[PDB]
Amino acid sequence: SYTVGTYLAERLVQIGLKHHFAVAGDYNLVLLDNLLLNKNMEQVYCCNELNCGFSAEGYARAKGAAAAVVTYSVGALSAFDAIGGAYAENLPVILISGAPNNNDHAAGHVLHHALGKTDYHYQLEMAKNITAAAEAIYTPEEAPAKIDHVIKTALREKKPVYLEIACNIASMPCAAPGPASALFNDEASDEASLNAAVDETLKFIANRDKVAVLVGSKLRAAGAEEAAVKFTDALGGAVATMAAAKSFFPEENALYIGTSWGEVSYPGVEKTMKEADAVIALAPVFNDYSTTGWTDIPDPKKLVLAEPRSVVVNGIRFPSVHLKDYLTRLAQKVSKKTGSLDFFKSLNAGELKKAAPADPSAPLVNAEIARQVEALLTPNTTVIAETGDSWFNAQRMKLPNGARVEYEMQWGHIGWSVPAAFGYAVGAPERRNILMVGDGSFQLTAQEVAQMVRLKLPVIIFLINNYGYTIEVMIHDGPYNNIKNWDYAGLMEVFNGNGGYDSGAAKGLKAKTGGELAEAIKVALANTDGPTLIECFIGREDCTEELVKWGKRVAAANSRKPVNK
Amino acid sequence: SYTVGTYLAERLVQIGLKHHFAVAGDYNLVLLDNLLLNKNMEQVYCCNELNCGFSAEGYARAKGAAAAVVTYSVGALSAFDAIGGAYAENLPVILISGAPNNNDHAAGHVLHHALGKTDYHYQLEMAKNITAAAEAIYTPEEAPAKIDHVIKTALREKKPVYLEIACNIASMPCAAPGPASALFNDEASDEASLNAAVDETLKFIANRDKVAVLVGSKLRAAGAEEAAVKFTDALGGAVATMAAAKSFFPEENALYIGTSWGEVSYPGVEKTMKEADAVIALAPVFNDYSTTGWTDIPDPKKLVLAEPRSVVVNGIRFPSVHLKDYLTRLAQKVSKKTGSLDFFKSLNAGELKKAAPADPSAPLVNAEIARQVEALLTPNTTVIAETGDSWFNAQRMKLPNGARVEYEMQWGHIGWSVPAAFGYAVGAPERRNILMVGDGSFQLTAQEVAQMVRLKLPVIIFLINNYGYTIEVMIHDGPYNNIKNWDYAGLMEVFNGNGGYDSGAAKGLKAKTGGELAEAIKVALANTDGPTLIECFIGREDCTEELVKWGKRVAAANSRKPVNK
Amino acid sequence: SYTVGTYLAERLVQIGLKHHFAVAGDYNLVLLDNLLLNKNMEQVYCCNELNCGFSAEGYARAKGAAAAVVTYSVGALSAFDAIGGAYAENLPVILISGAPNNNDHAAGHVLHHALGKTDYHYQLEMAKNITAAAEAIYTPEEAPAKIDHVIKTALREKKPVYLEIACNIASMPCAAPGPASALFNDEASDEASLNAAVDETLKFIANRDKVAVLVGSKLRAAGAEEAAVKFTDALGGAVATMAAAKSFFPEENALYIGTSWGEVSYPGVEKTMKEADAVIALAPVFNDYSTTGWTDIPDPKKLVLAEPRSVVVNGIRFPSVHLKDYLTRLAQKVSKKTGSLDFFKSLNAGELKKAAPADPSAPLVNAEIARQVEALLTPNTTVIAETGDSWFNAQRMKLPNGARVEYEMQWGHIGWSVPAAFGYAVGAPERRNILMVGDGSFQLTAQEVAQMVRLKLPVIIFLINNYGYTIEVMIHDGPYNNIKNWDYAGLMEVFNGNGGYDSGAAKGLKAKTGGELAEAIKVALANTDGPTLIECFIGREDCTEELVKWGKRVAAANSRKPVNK
Ligand SMILES: C/C(NCc1cnc(C)nc1N)=C(/S)[C@H](O)COP(=O)(O)OP(=O)(O)O
Ligand SMILES: C/C(NCc1cnc(C)nc1N)=C(/S)[C@H](O)COP(=O)(O)OP(=O)(O)O
Ligand SMILES: C/C(NCc1cnc(C)nc1N)=C(/S)[C@H](O)COP(=O)(O)OP(=O)(O)O
Ligand SMILES: [Mg+2]
Ligand SMILES: [Mg+2]
Ligand SMILES: [Mg+2]
């Protein structure tokens, strides 16, 4: 019959996982054995649990959901940072922790890996703060219901969930899992509300000429990217993407006008948004960074707020209205309103100004790195863009339809990109997978490139070596922004370990000129058997113009004085 | 006048810190500026926050207390694993997190680095589970009391504490700190209880010939190492150390009989403890690992339980009795009882059997590594011993008076030893600092060796390359015990980065024979300007005899069946 | 436009409330003002907050949902006991607490009614433990989403929820509420799972002659009472009700065999359940009391477990299958299987033995009270039966189709019945409402009878004056089971207060014989303007036979010795 462990394994396969990620520990080893019995998915190992969590986060970006398996307390507490990250970025990551033998509860027993006390609910209680569901399993009869509950919750809420499983019950028998269709069972839109939300939107824009659409970073979580284009093509108004929504709308679409991000918007976009009579915001996240230090907030009286599962429009709130349905029906009924796009064109603001190819023997500069990476973009490419100036470099790139950008702009844990790129490339090996990561960020999680070597993943890594934390320098500078430099190129042979117990096919190259970068890229593209790290040398102050302006607003928001209470 | 930040700085200097550890982030930059104004301590930077926390843990082992400064949520959640570690290992580590501008509470504001919701008490609430005190500071007037409370609590309980400081109040004025003596103010022993606990101990052993003393791993937390020797010298009974208490009792002392650890005890110790009429346990921790899978538990009827701040003896419980006072006073009143040591000697069990020097050209084996490391021990040496077979290799070493061993046996987070060794070597640069760390553990936290390079710390690192997780292999084996191999020796030149933006004086060497190891040790001893990593190659199954036996009991305890409820 | 307060008011009207319950306090007065603006519901006041919560609980039993409004901390903490009760009994009760001015967060301000510290998230965090959803509202813009989320959650989960509203935002403007239909929007059954669950049930009983149906106490929460009858009529097998499910199945139905409650079952039922080949359990709650101290637990091999939203049958678990749908579809597909009923009839066990009418001048006994109350039952009657021997007296009564019994057997808070009867009679004034409550229970919450007087509710109260806690006497006796006696009959004129500031039409009567009881019942039935309390005098040991037997098993389960861990 099924066991607690194989029940969990079958449910993971049923929701579409082809892989799950893990770090062994004595509290989870039997559970890992059970998961390995299901040959419809592979078990992938990680260096540490923070990286294991972020690897699952990256895999969920590629495949829609993911799972990570860690040991009690010492494994789960660090993995919590990555699970909070999954919560912040709306990804269904299932964290499963091994846990104490079920005889040790209420027994006055002190156990290894715990705090030295005799009670073991602290980890579960901590996990409730950063998950949508969190269940401890102490007996085998309780497992099927707790597993089904947390997996249904993760999928319908697009949030991470927690499970712990007593180490001595992982191989115990339980009931068999029913059909997979039950796991995707979710509310439909309330018919009357859906129709009323659509109707009130038509009423709201009936006498408004300039209707602009602002694409937000929960659009994919709502499963509404295709429906958005149906609507925007019907409307014919100007469409802009918020920074974190890059690649959630087609940039070669005739109505696309570029990035909306306050004073670091593409030319003409800020003025177009300001002059709109109505802004239809599709699942946006308005926080201190996306509003450019609270300087760029949508006019409340011009706003139609279409979240994933509700619409606020014309002064009325509509719960139980799914964004995909709302956009699809609105697309069928809306009239053609081109005024916002006419207005944008009338500014004659031109396209984003980009640098021409550098003299190849001149010293490398940031703009030349960005040009050559941008030239690699195809319909089959994904760029993983780390927190740092890589945010702003990636934002400036024109995406061919189908090309994807992965951003972690809400959580913003530097170092996320390395393990996230590993997990993503495991989930989508058919793609050209590019990682843009700063030197400062790289040092927090660099060891996961060794797993890329191990699984022969041809990830192209652009390591931006500007000697320190340049985005922090452009917010508020001090001696804490300085780091110890590494030979980053040389680290690839360290992870290969050729002549040691195993081998690898990673390559590490240095680029100090445009010519050296172009040559390194050719070698990277030809290396199909392992990752290629290109160490790019540029000055600390050689950064985007956008970062300089945005960093000043962030610094001011963070330090603004207390108000009188 | 003082500010919130300089108040904190002065309090940390007053409890004896010469250094604090940090990883910058926009929510803590101003706070770091304020801490830097106090020139009586240095601010040391770390690669990531899990390592920052463990670096503080290691420094508290050297100096008594420590502090780590991180950014909100993305920095604190991973640092929580290390703080839970400090709780488990009884070290006063002060975690200070930057936090949101104080205007963002109750304002409907979504902020970067948080969950996407508008409330910010989740981190504090999570921190309460793993600390002795935990205070959020939202206004400057509240800072002095919360800082004084958590620092007093940490010192008196020997436990980690938590602070968060709103980022816009770090430079705001507050009252000045009073005398340092107030921070160390603690209860004295209750005089009637102290005398009664001593008297009932005399009554309990009055007709008990064989009295053995069992030294436990909370002895240093009780500040009772020197008082323990006063008592054991007066009693003259056999003295044994639990595994995690190695170096908390002088091994050249005439009454010392070696390690007590169930069936992996030193020769004759297990039998001596079993035959004792009374066991006086000094601040023990009895858990599933220290009891060898619950197979070695002290006889309740023969036990005198002298914890740090209470004694249970002769059927009576005495709270408010401090262990240093109890031992000092009992030393003055106890009679000479040599029966247990006479019994031990009567066994003729001999000393722990150790291997003779290997043929220097033969393939390196585990026992030869342990012999050469043991030969480097002086009165000025400290050995940092990682979770893994290094636990058992270090346990076997004879310590000259003054030599120290640092263990993390309660928390047991593999990878602790790298950052802990960095922090310890910052705190105690005058000592011969040796790190024994397995390959699997090293990969969790390896980047903190670059900080050793940066501060020119001459840490001697023995990297045990047995290609995988051998201790886990000896508990329960599977494909999850296999790892990707690295060129560990070559990583030292990567962290030097000579020819790059800066430089280093680290050296990495390989040892595949006893002769190569001896040579590498000479070079390590002569390298005063950076760390020396010696990559030692041995087989997976070439491990201590003790690990094989202990691992089987641990596996059986972990998997024992549920009992009928 | 709508305000935070009138938004909440309209949502409560939309889910069907005609009344909400409240206790004034300065943190909620403006909120109460706003709620009063909606004239589609009445605001009902209570004596204290524990009674206010239980009044809402009773009202949800009558109408399906309810709301209670209290002041911060001093009002909410006692109301939490009643909210936990609503969670335990599966009732959608919405607790709304007033809360501090939104300027007092992060301001170093100490406030009245709170703990003396300067932070105010403790109440919210406590509420999360006993609710399905819990949201604090600090700004008006955040109110609509949090209100809609908690109300939808309460209805779909059939569980209580929590809201707190800053006292200075209750009259602030917010968006208007959409259609009421959105609040009832819930998942449908997964169609493949529903058909498969039905088919696997047919497969399971295919070669099983005696199929018995066991009706559980979550049948009403699943909305499946009528579907159960469709299925049982089609099957034609014996049908029994668990104790807490009394009145959730029609007792005049030809297949009904009476109460299943282990050794205190109706005659022939225990043997019939034991001999069944299959037991189909409809939404059961198996706990220490319903299993008669764990002596009566269903055979796992014979069990079909049809919960509210899942079925476990034939070794397979089916999430996403709603009980009403499962029973309706199974009713259409099942064959006639009368074997369990034939078996029951073949026992010739006879009907439950009931006492003949007493000599009317003899001293009143418990069986004569129960006979005269049972004779008052009509199709329009509800009996509210308090924890105590009234549980067992009520269980013995034959219900005419349509008559209801209300039990609080999972929470079991003595004193629940008085405020619950008040709230139920406000929600269902057309019914003949009978309260059976013991003297001990009455003393916890007696003051809510004054509200019955105030609103002129003709509740007939049988006060069972056996001088103390008889059910506790029959579990384990001591001096703690003794209470101070009151003139309970005389309390009705106290709550009238005729000749004081107002008036009342309550009547209190004493009954010491069957004749006196019959006369008091006549007066009670004729009193249409207020409650009538009949103080019935019986001996401490004059209790049901069932209580004696059940109490012994409960005492033994509670005291069973710890098992070896
Ligand atoms: C230290 C920090 N942010 C604070 C931070 C610190 N800790 C964690 C885990 N997450 C964080 N965001 C940041 S953005 C650096 O400047 C990034 O440095 P790098 O990767 O080197 O990029 P650039 O040089 O382009 O800025
Ligand atoms: C994986 C794990 N323990 C589980 C574990 C996993 N995750 C964390 C953070 N802490 C833990 N203790 C352990 S003990 C390894 O076998 C250690 O490997 P290594 O350092 O390579 O040592 P040996 O080869 O001598 O055993
Ligand atoms: C004290 C207690 N139960 C414990 C209890 C105590 N506190 C609360 C709030 N809830 C509880 N169930 C119980 S059942 C009494 O015997 C009830 O007394 P009474 O109402 O007088 O009934 P009977 O005499 O028929 O038993
Ligand atoms: Mg950098
Ligand atoms: Mg190893
Ligand atoms: Mg009574």
# chains A, B, ... in the order shown; residues from 1 in each chain; ligands from 1
>>> interface_residues(of="chain A", to="chain C", cutoff="10 Å", atoms="only C-alpha atoms", output="ChimeraX atom specification")
/A:1-2,102-109,144-145,148-149,152,174-194,196-197,310-321,562-565
>>> write_last_selection(atoms="C-alpha atoms", output="CSV table (one decimal), in the first residue's frame")
chain,number,residue,atom,x,y,z
A,1,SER,CA,0.0,0.0,0.0
A,2,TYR,CA,1.1,3.7,0.0
A,102,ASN,CA,6.8,10.7,17.7
A,103,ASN,CA,7.6,9.1,21.1
A,104,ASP,CA,9.7,12.2,22.1
A,105,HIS,CA,6.7,14.5,22.6
A,106,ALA,CA,5.5,14.9,26.2
A,107,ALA,CA,8.3,12.7,27.4
A,108,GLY,CA,10.8,15.2,29.0
A,109,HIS,CA,13.3,14.4,26.2
A,144,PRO,CA,-3.2,12.2,3.9
A,145,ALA,CA,-5.5,15.0,5.0
A,148,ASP,CA,-3.8,17.3,0.6
A,149,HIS,CA,-4.7,20.4,2.5
A,152,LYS,CA,-4.3,22.4,-2.4
A,174,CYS,CA,-1.8,5.1,4.9
A,175,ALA,CA,-4.7,5.4,2.4
A,176,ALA,CA,-3.9,5.9,-1.3
A,177,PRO,CA,-4.3,9.2,-3.1
A,178,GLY,CA,-7.3,9.9,-5.3
A,179,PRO,CA,-7.3,11.6,-8.7
A,180,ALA,CA,-5.0,14.5,-9.5
A,181,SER,CA,-7.9,16.7,-10.7
A,182,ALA,CA,-9.0,17.2,-7.0
A,183,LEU,CA,-5.7,19.1,-6.2
A,184,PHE,CA,-6.5,21.9,-8.8
A,185,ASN,CA,-10.1,22.3,-7.6
A,186,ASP,CA,-10.6,26.0,-6.9
A,187,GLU,CA,-13.5,28.5,-6.7
A,188,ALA,CA,-14.7,29.8,-10.1
A,189,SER,CA,-15.4,33.5,-10.5
A,190,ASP,CA,-18.8,34.5,-9.0
A,191,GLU,CA,-20.9,35.0,-12.2
A,192,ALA,CA,-22.9,38.0,-11.0
A,193,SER,CA,-19.7,39.7,-9.6
A,194,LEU,CA,-17.6,39.0,-12.8
A,196,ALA,CA,-20.8,43.5,-12.6
A,197,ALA,CA,-17.1,44.2,-12.3
A,310,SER,CA,-10.8,40.9,-6.8
A,311,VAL,CA,-11.5,44.1,-8.7
A,312,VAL,CA,-11.9,47.6,-7.2
A,313,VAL,CA,-13.6,49.8,-9.7
A,314,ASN,CA,-15.9,52.9,-9.8
A,315,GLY,CA,-15.9,53.0,-5.9
A,316,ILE,CA,-17.1,49.3,-5.6
A,317,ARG,CA,-15.2,46.3,-4.3
A,318,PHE,CA,-15.7,42.9,-6.1
A,319,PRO,CA,-14.3,39.9,-4.3
A,320,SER,CA,-14.5,36.5,-6.0
A,321,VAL,CA,-13.6,37.8,-9.5
A,562,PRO,CA,9.5,60.3,12.8
A,563,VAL,CA,6.1,62.1,12.6
A,564,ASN,CA,4.3,63.5,15.8
A,565,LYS,CA,2.0,60.9,17.4
>>> select_by_dssp(residues="stretch 158-326 of chain C", states="alpha helix (DSSP H)", output="number ranges by chain")
C: 191-205, 225-235, 269-275, 323-326
>>> residues_near_ligand(ligand="ligand 5", cutoff="9 Å", atoms="only C-alpha atoms and all ligand atoms", output="ChimeraX atom specification")
/B:388-389,437-442,463-471,483,540
>>> residues_around(residues="stretch 73-79 of chain C", least_positions_apart="3", cutoff="9 Å", atoms="only C-alpha atoms", output="PyMOL selection string")
chain C and resi 23-25+48-54+68-70+82-84+95-99+113-115+123+126-127
>>> write_last_selection(atoms="C-alpha atoms", output="short mmCIF file (atom, residue, chain, number, x, y, z; two decimals), in the first residue's frame")
data_model
loop_
_atom_site.label_atom_id
_atom_site.label_comp_id
_atom_site.auth_asym_id
_atom_site.auth_seq_id
_atom_site.Cartn_x
_atom_site.Cartn_y
_atom_site.Cartn_z
CA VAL C 23 -21.03 45.08 24.89
CA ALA C 24 -20.02 48.76 24.76
CA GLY C 25 -16.50 50.08 25.54
CA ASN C 48 -20.71 40.54 29.82
CA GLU C 49 -18.44 39.49 26.91
CA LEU C 50 -18.32 35.73 27.58
CA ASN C 51 -22.17 35.73 27.42
CA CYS C 52 -22.07 38.03 24.36
CA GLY C 53 -19.91 35.47 22.52
CA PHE C 54 -22.16 32.55 23.58
CA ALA C 68 -20.38 39.74 18.40
CA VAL C 69 -18.80 43.18 19.05
CA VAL C 70 -16.55 43.80 22.10
CA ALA C 82 -16.84 31.58 23.42
CA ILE C 83 -15.05 32.01 20.05
CA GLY C 84 -12.98 28.90 20.73
CA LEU C 95 -15.85 38.45 16.57
CA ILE C 96 -15.18 42.16 16.02
CA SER C 97 -13.06 44.01 18.61
CA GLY C 98 -12.54 47.76 18.99
CA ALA C 99 -8.79 48.61 19.15
CA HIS C 113 -7.10 48.05 29.04
CA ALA C 114 -3.73 46.67 27.82
CA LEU C 115 -0.80 45.08 29.64
CA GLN C 123 -4.62 40.22 21.04
CA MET C 126 -3.82 35.21 20.50
CA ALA C 127 -6.92 35.25 18.22
#
>>> closest_residue(among="C:257, C:290, C:502, C:401", to="residue C:350", atoms="only C-alpha atoms")
C:257
